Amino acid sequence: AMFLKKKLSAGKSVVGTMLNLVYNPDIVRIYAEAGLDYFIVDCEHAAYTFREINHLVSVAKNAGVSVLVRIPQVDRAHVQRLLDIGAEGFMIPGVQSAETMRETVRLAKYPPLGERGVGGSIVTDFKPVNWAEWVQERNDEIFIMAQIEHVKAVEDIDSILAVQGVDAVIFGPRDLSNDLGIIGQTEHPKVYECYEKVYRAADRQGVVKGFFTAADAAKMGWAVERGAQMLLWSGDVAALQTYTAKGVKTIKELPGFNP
């Protein structure tokens, strides 16, 4: 019923992409066939409803694909409902303190690790369970990932990543570059310095290393060299814009084309 942490725990590299536009649940089958392990629904910067997410999850659960959600704020409404619906976990944006992680974990974990409420029906994928065992096992499979976008978070990174229940760390390069006063220069040496500092803290704290690259898959080499297991590349929108624009341009450049 849960696929992501099992892979990470076995030392595997896993590959995901962002989902910002498409809500047709067949995108899940396309992504499975393309060899993706997971994808992240962008509820921070897009309009996805919880019903749409349920539809995605319903297809993903039997396709062997994990659904994570990037939530706009940490509260019970987001965390409780999305885990109950069947997202395997979260990317928490702009994490700046241990407290944000403590609160995420409190909402996401069943007692005694947290205060997540125990529901039924879709919660257990409509299957019967041994409750006492099941809550313990599920707590071990919920995935929590901190996204770092602030210089201040980088400076305080050990405190953030030492919180019990934090599974992985990743970056938001655009916001981070903005915080460095060089918005959009996501390949700047100062940005990579931040990455390095965070990766060293992740190593110290036993936290999985993640990396996002927005356009060129080859740029993931940098993260893979450094032992990053959570690989997040591009997204549906970039796929549609990049592929479509390229072909159209090729066509409009054919000899005989009449503009």
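Don't overthink the numbering: it's just position in the shown sequence, from 1.
For the segment pair 185-193 and 104-112, the entry gives 185-193 the higher mean B-factor, averaged over Cα atoms. Remark: stretch with higher mean C-alpha B factor among 168-176 and 82-90 is 168-176. When the Cα B-factors of 57, 198, 43, 217 are read from the PDB record, 217 comes out highest.
Each of 156, 141, 75, 125 has a CA temperature factor in the record; the biggest one is found at 156. Ranked by C-alpha B-factor against the other modelled residues of its chain, residue 163 falls in the highest third. In the deposited entry, the Cα temperature factor of residue 10 places it in the highest third of its chain's modelled residues. Ranked by Cα temperature factor within the chain, residue 224 sits in the highest third according to the deposited record. Remark: residue 24 belongs to the lowest third of its chain, ranked by C-alpha B-factor as recorded. Among the modelled residues of its chain, residue 244 has a C-alpha B-factor that falls in the lowest third, as given in the PDB entry.
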